[PDB]
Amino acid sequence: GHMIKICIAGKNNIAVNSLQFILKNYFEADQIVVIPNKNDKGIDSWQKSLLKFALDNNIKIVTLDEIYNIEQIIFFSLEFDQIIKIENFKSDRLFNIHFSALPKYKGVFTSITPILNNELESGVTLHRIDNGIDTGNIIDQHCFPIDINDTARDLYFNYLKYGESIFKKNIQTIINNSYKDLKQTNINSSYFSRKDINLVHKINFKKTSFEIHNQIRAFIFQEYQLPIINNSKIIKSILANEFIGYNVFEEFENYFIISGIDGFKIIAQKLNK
């Protein structure tokens, strides 16, 4: 049918590197169109620009309106900023990679919400897009650890890495329309919206050491913000299993020593600045 076979919509190194993989291995420029996010400035920053890569490689920049009527197009969202409505499209070949182990942690801020809710693991999930937010049927998932001292930033860079890999693992079956999927369960399903998360976190210290530590590290993502204790930004939290007494809080020039209601030692390292 159409010249155009695939649309990559989204941002950051997962979208750029997945687009590069399709251009190298599957489709020529003239067979691909791209929809960057509204905030893409067309320059590289701490992630690469999808808009810049597409323009550099002669791939057309399009709008959703411009692709709705393309028969059989593969629409692939990789951190795309718009919620689509499936009945706009002639094609039913609509796919997304979501940065959580669905059915948990639908919605936004998924580098914060699993840590803040005390998880030991997260995942990336390739799924069909339906009209709900991260609700469509699951094609593949890869779960991986949230290590004990990982921050939100560390978790995000794992999503980028594992998300790119799950794209490469599954894309041929998507192209060939040969994949299998399974509906999501009602149980374990959870969802967080922007209004659920205050990005300026105020720590509750009447909590376990593990909870105070998770509260701190869930907000460490320096490109956006760092959590603040007594007007100092915190760059790293370290949780040990050493008991130091209950409810410790002491400030030093370079760090705080903290424990919660169970008394395990936390070192909260101040940003050097």
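Numbers follow the displayed sequence, beginning with 1.
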Which wins on mean Cα temperature factor, 170-178 or 153-161?
170-178
With B-factors read from the PDB entry, the higher C-alpha mean of 73-81 and 180-188 is in 180-188
If you compare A240, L50, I220, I212, which has the highest Cα B-factor in the entry?
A240
Between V124, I112, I129, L199, which one tops the list for Cα B-factor in this entry?
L199
On the chain's distribution of Cα B-factors, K106 falls within the third called lowest
Chain thirds of CA B-factor: placement of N13
middle
Going by the entry, which third of its chain does the Cα temperature factor of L226 land in?
middle
Lowest, middle or highest third: where is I216 by Cα B-factor in its chain?
middle
Per the entry's values, where does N58 land by CA temperature factor relative to the rest of its chain, in the lowest, middle or highest third?
highest
